[PDB]
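Numbered according to the deposited numbering, the sequence shown spans residues 61 to 68, 71 to 74, 82 to 83, 85 to 417.
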Amino acid sequence: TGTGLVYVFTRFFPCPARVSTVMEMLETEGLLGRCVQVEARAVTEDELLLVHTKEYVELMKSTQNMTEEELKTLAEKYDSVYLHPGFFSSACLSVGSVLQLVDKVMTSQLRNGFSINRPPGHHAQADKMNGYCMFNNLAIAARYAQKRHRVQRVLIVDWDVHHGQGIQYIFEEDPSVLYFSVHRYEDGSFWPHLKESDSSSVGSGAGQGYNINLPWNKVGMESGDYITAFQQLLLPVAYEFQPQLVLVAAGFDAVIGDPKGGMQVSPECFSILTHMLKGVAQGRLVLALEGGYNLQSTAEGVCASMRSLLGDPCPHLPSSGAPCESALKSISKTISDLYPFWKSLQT
Ligand SMILES: CC(/C=C/C(=O)NO)=C\[C@@H](C)C(=O)c1ccc(N(C)C)cc1
Ligand SMILES: [K+]
Ligand SMILES: [K+]
Ligand SMILES: [Zn+2]
């Protein structure tokens with residue numbers, strides 16, 4: 061019957087202010103005091119080895135004992151990555167903050183939780199850094215829920231404006247972890263420019279049907295488009311999947327005002343989206359911060375999400391409840407690509 065909040071994240082360009091402005095607005099709007107302040111912890115190597123290779127962990131650990139030239143040389147071998155001697159330490163705390171909430175949520179000590187962590191996670195891969203992530207916070211937390219808390223089925227929902235290809239790759243053959251991502255795509259012209267971000271990538275082998283990509287091919291999508299996408303695609307699959315834990319890649323670079331997302335989703339929308347997800351998995355729901363590059367837009371998105379976690383009434387949506395035709399095409403094609411796998415889509 062509480063909502064947990066973890067904040068250790072600053073001591074690490083598109085900014086430590088990302089996370090300190092969130093806390094400030096959480097405090098100002100009275101939401102911080104209404105949360106159960108949960109302490110972060112450092113991830114162990116064994117928890118990291120759930121998802122990442124041994125050679126990658128060793129390489130990432132040696133990142134602190136490197137010179138400024140050693141860091142820049144390594145960083146260029148990755149796509150969109152900046153290294154600094156404190157990255158590894160902060161990334162270990164970033165993972166561990168999610169693991170702290172998963173513990174509290176699975177043991178019924180709290181109803182739900184939100185980690186306000188940096189660095190983000192959803193681009194990080196088995197053996198490489200990518201898009202500012204070193205370790206995949208949510209991928210680790212999902213396998214940790216299975217191993218330590220005996221979860222059979224984890225649902226990961228990724229509403230950051232970018233595709234979390236790292237989460238997709240890690241669980242691509244895995245029917246026990248269902249990954250849903252809605253993201254700006256524009257037929258590959260938007261980063262990370264991947265064919266496998268399209269709705270045709272539905273998983274492979276026994277994982278088929280358990281990877282769901284919803285790619286936006288126009289800019290300026292709004293709350294009605296996300297609500298329609300949740301109500302007609304994600305939630306029917308979720309109730310059929312019957313997860314025992316929901317993890318959210320909670321980026322807010324789709325919020326109105328984000329300098330690089332190019333979407334017009336009102337922050338209030340994330341109250342609704344969060345509320346919908348509470349109906350699944352007996353409300354066992356953990357959000358973890360990903361992207362967000364307008365300090366104020368990001369802080370409002372967090373606050374709207376936190377209000378639903380706390381059980382406050384849903385807000386008024388300023389935007390139309392109607393989805394645009396471009397969104398309906400994207401939604402239609404993903405449903406079609408996943409039709410043979412989910413009875414609930416076959417209306
Ligand atoms: C990775 C990312 C967002 C991730 C996110 O938010 N995932 O959720 C944005 C990239 C495209 C970007 O904008 C960028 C800017 C500068 C740069 N260098 C100066 C090297 C490299 C990349
Ligand atoms: K996404
Ligand atoms: K999967
Ligand atoms: Zn993003």
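Backbone N, C-alpha and C define an ideal beta-carbon position, used for all residues, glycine too.
Under the DSSP definition of a beta bridge, which residues are partnered with residue 66? Beta-bridge pairing by DSSP links residue 66 to 108 and 185.
Note down the Cα distance separating residue 367 from residue 327, rounded to an integer number of angstroms. In this structure, the alpha-carbon of residue 367 lies about 6 Å from that of residue 327.
Ligand 2 and residue 228: does any heavy atom of the ligand fall closer than 7 Å to the residue's C-beta? For ligand 2, at least one heavy atom lies less than 7 Å from the Cβ of residue 228.
Looking at residue 365: is its Cβ nearer than 8 Å to the Cβ of residue 87? Annotated as proximal: residue 365 and residue 87, with beta-carbon spacing under 8 Å.
Where residue 251 sits in the DSSP three-state scheme: Three-state result, residue 251: strand.
Could you say which of 312, 338, 281 and 332 lies nearest to residue 350 if we only look at CA atoms? Out of 312, 338, 281 and 332, 312 has the C-alpha closest to the C-alpha of residue 350.
For my contact list, residue 336 and residue 384 are in at a C-beta cut-off of 8 Å; report their separation, rounded to the angstrom. A Cβ-Cβ distance of about 13 Å is found for the pair residue 336 and residue 384, leaving them out of contact under the 8 Å criterion.
Would you say residue 207 touches ligand 3, meaning its beta carbon is less than 7 Å from a heavy atom? Residue 207 Cβ: outside cutoff for every heavy atom of ligand 3.
In chain order, what are the residue ranges of uninterrupted beta strand (DSSP E) at least 3 long that sit wholly in the region 250-325? Considered as a whole, the region 250-325 harbours 281-286 and 315-320 as its complete beta strand (DSSP E) runs of no fewer than 3 residues, in chain order.
Cβ of residue 202 within 7 Å of any heavy atom in ligand 6? Ligand 6 is absent from the structure shown, which contains only ligand 1, ligand 2, ligand 3 and ligand 4.
To the nearest angstrom, report how far apart residue 314 and residue 175 are at their CA atoms. Cα-Cα distance, rounded: 11 Å.
Considering only residues of the same chain and omitting the five flanking positions on each side of residue 394, which have a CB-CB separation below 8 Å? So the list reads 288, 291, 292, 294 and 295, once near-sequence residues are dropped.
Answer with buried or exposed for residue 269, where buried requires no fewer than 16 other C-beta atoms within 10 angstroms of its C-beta. By the 10 Å Cβ count, residue 269 comes out buried.
By how many angstroms is the C-alpha of residue 236 removed from the C-alpha of residue 72? Between the alpha carbons of residue 72 and residue 236 lies a distance of about 24 Å.
Mind checking whether the beta-carbon of residue 106 lies closer than 7 Å to any heavy atom of ligand 4? Residue 106: no, Cβ never under 7 Å from ligand 4.
Distance CB(residue 189)-CB(residue 74) smaller than 8 Å: Yes, the pair counts as a contact, with Cβ atoms nearer than the cut-off.
What span of residues does the alpha helix (DSSP H) with residue 173 cover, start to end? Taken as a continuous stretch (DSSP letters only), the alpha helix (DSSP H) holding residue 173 covers 157-176.
So, at 7 Å on beta carbons, what are the nonlocal neighbours of residue 61 in its own chain, with the 5 sequence-adjacent residues on each side left out? Correct list, in chain order: 181.
Test item, CB below 7 Å from any non-hydrogen atom of ligand 3: This selection yields 241, 242, 244, 245, 247, 248, 249, 273, 277, 280 and 281.
Backbone secondary structure at residue 200 - three-state DSSP: Of the three classes helix, strand and coil, the one that applies to residue 200 here is strand, per DSSP.
Whole-angstrom C-beta distance between residue 375 and residue 184, which should lie under 8 Å: For residue 184 against residue 375, the beta-carbon gap comes to about 7 Å, under 8 Å, which counts as contact.
Indicate, with yes or no, if ligand 4 has a heavy atom lying under 7 Å from the CB of residue 219. Residue 219 has its Cβ no nearer than 7 Å to any heavy atom of ligand 4.
Return the CA-CA distance between residue 263 and residue 149, expressed in angstroms with no decimal places. So the alpha carbons of these two residues sit roughly 11 Å apart.
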